[PDB]
Amino acid sequence: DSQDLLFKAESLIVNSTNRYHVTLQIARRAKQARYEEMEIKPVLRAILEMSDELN
Amino acid sequence: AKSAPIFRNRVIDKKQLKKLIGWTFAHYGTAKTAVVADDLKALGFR
Amino acid sequence: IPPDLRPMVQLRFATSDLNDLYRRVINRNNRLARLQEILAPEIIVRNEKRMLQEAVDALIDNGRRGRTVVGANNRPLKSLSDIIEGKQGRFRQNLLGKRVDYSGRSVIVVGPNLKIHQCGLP
């Protein structure tokens, strides 16, 4: 849900110590995602993946 | 998290709401503060 | 200046003020060359040189030194300096702020059932 994405976003903004750096990482990840998927929306999948990787 | 809310047994003006929102942000984060603000908005409108 | 930066488009023909200022400069320069070719009286040549100086002045910055060159209507012609200065100048109207694509505008009403991270778009 939207709330879930908002919580995962907040979760990633913390523990990163740089909102800009983590926004850049999310952008890059989502770009690669869509690129290797054209072969859900990229930024969303990127955030889901990065949240699930933070354990 | 882990901070249990206090039972505010008093009248609630704007100052109390602002204080509660600040406390919620300080203890719970920015998306629980958003949730609390939406819930308070719904309760007040009703 | 390149002609597309002083466009002469057809609606009638709408022309930039630079065309008129440049025409004044060219006319006075050609007349001065003719006067220098026929050995005109010195006062006439000197007055033409003064006129050329004034025309170039009005081109670079209209109204800075002498009288202001008005147009067909009694309004100052926009010279080169007037393009890059002021709130309507190039820097503040087109470089520091622009009209952008993928934009809309509409009246706002209150949506009480929306969430804080949502908006209602028609």
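Residues numbered from 1 in each chain as written, not as in the entry; some residues may be left out. Chains lettered and ligands numbered in written order. Part of a larger assembly, values for the part shown. Heavy atoms only, no water.

Per the deposited record, determination of this structure is attributed to cryo-EM, with the resolution reported as 3.7 Å.

Asker: Let's hear about the overall build of chain A: which residues, and what values?
Answerer: Helix and strand counts for chain A come out as three helices and zero strands. When the helices and strands of chain A are read in sequence order from the N terminus, they spell out α-α-α. In terms of C-alpha radius of gyration, chain A reaches 11 Å, essentially the compact-globule figure of 10 Å for 55 residues. For chain A, the spread of C-alpha atoms along the three principal axes comes to 35 × 25 × 20 Å. A total of 55 residues make up chain A; the buried ones form 22% of that total. Carbon and sulfur atoms make up 56% of the accessible area of chain A, which amounts to about 4400 Å² in all. With 8 positive and 9 negative side-chain charges, chain A shows a separation of 8 Å between the mean positions of the two kinds. (Helix = DSSP H or I, 4+ residues; strand = E, 2+ residues; numbered from the N terminus. Rg over C-alpha atoms; globule rule 2.2 N^0.38 Å. Buried < 20%, exposed > 50% of the residue type's maximum accessible area, 1.4 Å probe, protein only. Areas by Shrake-Rupley, 256 points an atom, 1.4 Å probe, with all protein chains shown as cover. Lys, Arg positive; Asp, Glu negative; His and termini not counted. Charge placed at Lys NZ, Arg CZ, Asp CG, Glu CD.)

Asker: Could you give me a rundown of the packing of helix α1 (residues 14-28) of chain B against helix α2 (residues 30-45) of chain B, with the residues and numbers involved?
Answerer: Residues and elements named next belong to chain B. Here α1 crosses α2 at 150 degrees, and the two axes come no closer than 7 Å. Looking at the two axes, α1 sits roughly antiparallel to α2. The handedness of the crossing between α1 and α2 comes out as right-handed. Residues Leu-17, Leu-20, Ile-21, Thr-24, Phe-25 and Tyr-28 of α1 pack against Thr-30, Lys-32, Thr-33, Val-36, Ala-37 and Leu-40 of α2. Residue composition of the contact of α1 with α2, grouped by class: eight nonpolar, three polar and one charged. (Axes fitted to C-alpha atoms, helices over the stretch in contact; angles between N-to-C directions. Parallel < 35°, antiparallel > 145°, perpendicular 65-115°, else oblique. Left-handed = near helix turned anticlockwise from the far one by under 90°. Contact = heavy atoms within 4.5 Å. Nonpolar A, V, L, I, M, F, W, Y, C, P; charged D, E, K, R; others polar.)

Asker: Account for the nonpolar core, with residues named and values stated.
Answerer: Judged by nonpolar contacts, the single largest core of 13 residues is most densely connected at C:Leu21 and C:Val25. Of all the secondary-structure elements, those providing two or more residues to this core are α1 (17-37) and α2 (42-60) of chain C. With sequence-adjacent residues up to four places away left out, C:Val25 is seen in contact with C:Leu52, C:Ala55, C:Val56 and C:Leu59. One finds A:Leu12, A:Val22, A:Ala30 and A:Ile47 within the second-largest nonpolar core, a separate group that totals eight residues. (Core = buried A, V, L, I, M, F, W, Y, C linked by side-chain atoms within 4.5 Å.)

Asker: Run through α1(C), naming residues and quoting values.
Answerer: All names here are of chain C. Relative to the 30 Å expected for 21 residues at 1.5 Å per residue, α1 spans 31 Å between its end C-alpha atoms, a close match to the ideal helical length. Turning to α1, its buried residues are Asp-17, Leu-18, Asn-19, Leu-21, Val-25, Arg-28, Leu-32 and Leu-35. Once α1 finishes, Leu-39 follows within two positions and takes phi at roughly 60 degrees, a positive value. (Expected span 1.5 Å × (residues − 1).)

Asker: Kindly report on the interface of chain A and chain B, identifying the contributing residues and their values.
Answerer: With four residues of chain A in contact, the opposing surface of chain B contributes six residues. For the pair chain A and chain B, the summed buried surface comes to about 320 Å²; carbon and sulfur atoms form 66% of the total. Counting the surface chain A buries against chain B, the share from its top three residues, A:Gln3, A:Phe7 and A:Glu10, is 89%. One can count zero salt bridges joining chain A with chain B. Class assignment for the residues of the side of chain A that touches chain B results in two nonpolar, one polar and one charged. (Buried area = accessible area lost by both parts, 1.4 Å probe. Salt bridge = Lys/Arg side-chain N within 4 Å of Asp/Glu carboxyl O.)

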